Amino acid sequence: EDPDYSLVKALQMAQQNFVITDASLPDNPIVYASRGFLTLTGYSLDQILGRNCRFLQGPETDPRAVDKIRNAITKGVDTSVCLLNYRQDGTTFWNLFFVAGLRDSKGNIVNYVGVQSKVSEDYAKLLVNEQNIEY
């Protein structure tokens, strides 16, 4: 009597840390960001707008994990990855990050919802060792 919603389910596991991108626009730019995301990353909203989320990555980020995210996106499947991200001030944190494509009635991915979440060193070690099972 009440629908399942990939978008709603995602945004509710997101504890006010999320973004929305527009896939129809060049390079999948951010078009909304929650206050939780602003305070987690350290960026202000205007700077965040119209930019691809890759700005959260830095020198130490695992390119292999970025590979998984790029690949998941091109293929239209939802996944989650744990990688090192960077705040506006240069401080780092491990990010268990989930992404889901939103499609129109004709099956075309039109928007993306990203969900970020800081995790402990311990949880991250666990998460990364699982992700590395692929290799």
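All residue numbers are counted from 1 along the displayed sequence.
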query: Residue 31 - Cα temperature factor, lowest/middle/highest third of chain; finding: lowest
query: CA B-factor placement of residue 19, once the chain's modelled residues are sorted into thirds; finding: lowest
query: Third assignment of residue 93 from its chain's C-alpha B-factors; finding: highest
query: Modelled-residue ranking by C-alpha temperature factor, third containing residue 25; finding: highest
query: Ranked against its chain, the third holding the CA B-factor of residue 74; finding: highest
